[PDB]
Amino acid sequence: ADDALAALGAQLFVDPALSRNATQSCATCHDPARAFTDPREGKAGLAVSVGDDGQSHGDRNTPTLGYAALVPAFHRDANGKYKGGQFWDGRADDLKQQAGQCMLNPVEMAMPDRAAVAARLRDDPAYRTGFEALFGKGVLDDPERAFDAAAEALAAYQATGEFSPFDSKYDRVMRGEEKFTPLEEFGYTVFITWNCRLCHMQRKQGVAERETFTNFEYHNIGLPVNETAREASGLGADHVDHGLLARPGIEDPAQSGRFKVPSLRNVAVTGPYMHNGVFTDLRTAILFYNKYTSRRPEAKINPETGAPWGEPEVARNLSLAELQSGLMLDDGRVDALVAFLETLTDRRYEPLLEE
């Protein structure tokens, strides 16, 4: 049943029949050749993805599905910090909820309702055999049961070893199979001693069994609007992406502007960066953190535009305690971090490092 369920997820994953006009599958925006991200050029470059209708742009960068199965279900922990979930704003509890939401989102896959999904599943002979073996006869005639089963299969497929293979250079080095280059070694060391480790390690202390370089928390790091993506998404110039506060049932204004800390695995190959695809380069995303620590004028400047980073989209709730470390990354340590984070690339994506 575990193999089988996952095998169904695989079929569903690449089936454009789960989109309204049958033009796109999960694999369209979550392309396996590119660490499950979108390689397609839209009105805003690679920043945001184009929907089933061929025009509608999202306001958020499409993230990797690699390692998403490692994220705990959404919850508030004993100290009042939200952890886990799926999407940049945590609006899905887990992989299963999230599958259903993506299928129904009108700016993306855009199925009208659970029943429309059910009809599409019902249309295909291999789905009848496949769903009924796992869920019981006539599952596909119950719009609720069918849809739910579909999401479950998609979820089970993203939990396969294939989405989280733990075969990066970093993984091999921790097994003792290879050594780091001195640059990479220095990079790793900088990463564990500087602020990065306060948000991009699973645990506060201890060793993680399956490290994915995120504590699964919610932070506002004070990013600007990505202007071309915001224009393209057509949400409007007055629109504010509130991050986690957008999740239904979150009312706390202290969450506004906060986004799920992304796993840094495969980061070297999944540009552009942040929740709005605002920076094209990995180096820029690192340099960004210098805005909070450095005294040099160059630190105010986005090296991509040659102009100030820009006002944060949300000016409150900034993670200042973490971000204002009092210590600036010189060019040396930036290069080092780049060498380290590159080591986090899955074996199968190492060829991609070159371009």
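In this text, residue numbers run from 1 along the sequence as written.
**Student:** I need to verify one thing: averaged over C-alpha atoms only, is the B-factor higher for 173 to 181 or for 207 to 215?
**Tutor:** Looking at the record's C-alpha B-factors, the answer is 173 to 181.
**Student:** Mean CA B-factor: is it higher for 224 to 232 or for 279 to 287?
**Tutor:** Mean CA B-factor is higher for 224 to 232.
**Student:** Compare the CA B factors listed in the entry for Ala254, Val190, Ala150, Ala116 and report the winner.
**Tutor:** Comparing C-alpha B-factors across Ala254, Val190, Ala150, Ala116, the maximum falls on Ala116.
**Student:** Return the residue from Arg76, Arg91, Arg258, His239 that has the highest Cα B-factor in the entry.
**Tutor:** Among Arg76, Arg91, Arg258, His239, the highest C-alpha B-factor in the entry belongs to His239.
**Student:** Can you tell me which third, lowest, middle or highest, the CA B-factor of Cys196 falls into for its chain?
**Tutor:** As the PDB entry reports it, the C-alpha B-factor of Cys196 lands in the lowest third of its chain.
**Student:** Lowest, middle or highest third: where is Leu264 by C-alpha B factor in its chain?
**Tutor:** For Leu264, the deposited C-alpha B-factor lands in the lowest third.
**Student:** Based on the entry's values, in what third of the chain does the Cα temperature factor of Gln86 lie: lowest, middle or highest?
**Tutor:** For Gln86, the deposited C-alpha B-factor lands in the lowest third.
**Student:** With respect to C-alpha B-factor, does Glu322 fall in the lowest, middle or highest third of the chain as deposited?
**Tutor:** Within its chain, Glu322 is a lowest-third residue by C-alpha B-factor, going by the deposited values.
**Student:** For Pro308, does the deposited CA B-factor place it in the lowest, middle or highest third of the chain?
**Tutor:** Middle third of the chain for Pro308's C-alpha B-factor.
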